[PDB]
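Here is the structure we will look at.
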């Protein structure tokens, strides 16, 4: 609020300036906060005890003190103290003169409003710099130079302008506020253009009246006012035509208009109409509020003298603000539209979905909303958001969103309670799984909204903020269906494969990203970025945990018999026998089997990621070293047939009974219609019998009366001949591998082959022909 100093105040100012100019360096900064004083600065003390600050400024090297003479019960004994009458009222002029009148040489654009200060000031700074007038910005993100380097009371304002000018800035866009204008944060700033974004049942009048007083300030060239807002319309009506530029999205008579706004599959198309012509603009920004902001930017630029083709061209190239209906850009591959928004309240979610519907219509696809609600926050939003999502989106997936210390399922159940009877939402509590599964089942024309986190890069689970970025997971989901193979070993990684940078052992896989790049990897999953490596990096945090979720999600996209093999001994031999059966049953190309020793928390998800549409049956070997591994691996593999080969007691965690329960967990992962296969002639069958519950059970062994057992056993040095008795019939078997343990492995394979759907004759033929 530039106060016009009368002749006496100007004289008083000149006295203060002449004194300051005589006793401190021309580079001295004027500071009001004694804590920020650096040697050579001037402390301006305008306070009930000034001494706790005046002494500090002197202790910190202040070269002079300006103090107000009305009411001060502080003054140091004998320093460079200057009494200044009305010091508070002169600070703007003092700062303006001390820093060489920085606003006199800058085109200062001050933008105010509720939802356009940050966007408009930054886009103006971006566009003007690209148009050849280097423009700095001041606002929520700090004071930035035209080149983006990061650098507020009235002295700081003038000081910041001075630094920008010294760095070559010729214009400054700054966020203004009604409070700032009233409180005097802008005093003696020469404002060239003031922009108004917007001004609801309240006292709008004081805000408008406060702002209109602003427009009878000196050196204003133009006022850019939103004509779509009722308060804005009244302000425009009161301003002389020469100063006012109105903009309107909805067709109110204004100088600047957007017409024919149409959402496209990747953005919006509208005709920008300025007094001096019209131009079609194709932009990737989503939402009418973003269009309104461009009109403010366009109006300011048009009144500042920039021609329409250049305005249209530059406005057309603006990038969406992170986390505000930001479209996720897929990883470029040499050979669905996913949108992320910080919609974590009911109203915000509704607006985002409303904003995305015309885009979905332009694409001919469904609007899919993936969202969760935070725990230990406002429970009242959870049912409401469920209703909004299902009322306004075509498909809704409810997932966890920073559940913190609450149970994720309880939050989901509360959300679902708000979804009207007859509408359904899918539930996937693991947000990473929700993203991958939703994106992989979506048609290319669908619009998927990942709502909630926006710019947030963590998930808070149980008090730990774990790295999680909706954008990175969407990028992974878009890449993975097209990647050749997933590899964790740079010695073996091929062209077009995804490299997983594992952290562990002796040599942290992150150190080998240049090699992966040289080997032609298509992307790398990494825990943290790495500078100067051009290989696209998907930052997914814990790469081992990410890999498990990747494997789990990929497995969930296929419906086929899956044999999970676990046990103390014979897993690999049995798995190979089962693999032989599947090859005999479905063909070599229709089967997937664990290769080598890929049976741990790394190998198993890597094997899962090899599943393709051609496979018709799969066998996975599951290995264990620590408690909980079988549960984790079996849950990941989601088997339809679970085999326990045997229970034999290493005491890392020690009884055979304890081993039976751990290995038995694969049976716990079976669906209701799954088949449990375990040895029936061992003393511990009861543990596995109970765990199997009501599921179909095939018990195998050497005792008559089991479901799959051998009779007439003839063991020779090189193999075993026997009659095999199964529920599907009886057949002779010449098993070309010696030993009773191998015969048991063969019986397990027959039981698993039969449970998976292979005909008995196929099982026998495969095993009769089996090679070690």
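In the deposited numbering, the protein residues as written are 3 to 49, 53 to 156, 163 to 210, 217 to 352, 360 to 673, 675 to 678, 680 to 798. Here a beta-carbon is modelled for each residue, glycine too, at the ideal position from N, C-alpha and C.
- The Cβ atoms of residue 628 and residue 706 do not sit closer than 8 Å to each other.
- In terms of CA proximity to residue 691, 652 leads the group 725, 652, 682.
- When Cβ pairs closer than 8 Å are counted between the two stretches, the segment 184 to 198 is seen to touch the segment 113 to 131, the count reaching three or more.
- Going by beta carbons, residue 546 and residue 507 fall inside the 8 Å limit.
- With a 10 Å radius around the Cβ and a threshold of 16 neighbouring Cβ atoms, residue 697 comes out exposed.
- Here the alpha carbon of residue 379 sits roughly 11 Å from the alpha carbon of residue 385.
- Where residue 88 is concerned, the enclosing beta strand (DSSP E) starts and stops at 86 to 88.
- Around the beta carbon of residue 766, fewer than 16 other beta carbons sit within 10 angstroms, so the residue counts as exposed.
- Residues 508, 546 of the same chain have their beta carbon placed closer than 6 Å to that of residue 520, with the five preceding and five following residues left out of the count.
- Across the structure, residue 671 and residue 593 are spaced so that their CA atoms are roughly 8 Å apart.
- Taken in chain order, the unbroken stretches of beta strand (DSSP E) that lie wholly in the segment 553 to 591 and span 3 residues or more are 561 to 563, 586 to 590.
- Here DSSP, grouped into helix, strand and coil, assigns residue 447 to strand.
- When the alpha-carbon of residue 374 is set against those of 362, 415, 318, the nearest one is in 415.
- Per DSSP, the unbroken alpha helix (DSSP H) holding residue 24 starts and ends at 9 to 25.
- About 12 Å separates the CB atoms of residue 363 and residue 395; that is not less than 8 Å, and the two are not in contact.
- Around the Cβ of residue 725, a 10 Å sphere holds 16 or more other Cβ atoms; the residue is buried.
- DSSP, reduced to helix, strand and coil, places residue 624 outside both helices and strands of the structure shown, so it counts as coil.
- Residue 137 sits away from residue 151, with the two beta carbons spaced by 8 Å or more.
- Contact annotation: residue 397 and residue 425 have beta-carbon atoms nearer than 8 Å.
- Counting C-beta atoms within 10 angstroms of its own C-beta, residue 710 has 16 or more neighbours from the protein chains shown and is therefore classed as buried.
- Along the length of the segment 69 to 135, whole alpha helix (DSSP H) runs at least 4 residues long occupy 92 to 103, 122 to 135, reported in chain order.
- Of 609, 247, 339, the smallest CA-CA separation from residue 781 is found for 609.
- Taking C-beta atoms as the reference points, residue 365 and residue 319 fail to come closer than 8 Å.
- For the 8 Å CB-CB criterion, residue 786 and residue 754 form a contact.
- Secondary structure note for residue 785: it is in no beta strand (DSSP E), with a DSSP letter that is neither H nor E.
- With respect to the C-alpha of residue 345, the residue from 684, 260, 498, 776 having the closest C-alpha is 498.
- Note that the C-beta distance between residue 492 and residue 511 is not below 8 Å.
- Approximately 6 Å separates the beta-carbon atoms of residue 337 and residue 302; this is inside 8 Å, confirming the contact.
- Residue 111 places its beta carbon less than 8 Å from that of residue 181.
- Judged by their CB atoms, residue 332 and residue 317 are not nearer to each other than the 8 Å cut-off.
- Assignment of residue 677 by DSSP, reduced to helix, strand and coil, places it in the coil class.
- In this structure, the beta-carbon distance from residue 525 to residue 533 falls below 8 Å.
- The segment 167 to 183 makes contact with the segment 98 to 109, as at least three CB pairs between them are under 8 Å.
- Under DSSP, residue 261 forms a beta bridge with 240.
- Scanning 617, 686, 708, 621 for the CA closest to the CA of residue 663 turns up 617.
- Straight through space, the alpha carbons of residue 251 and residue 27 are spaced by roughly 49 Å.
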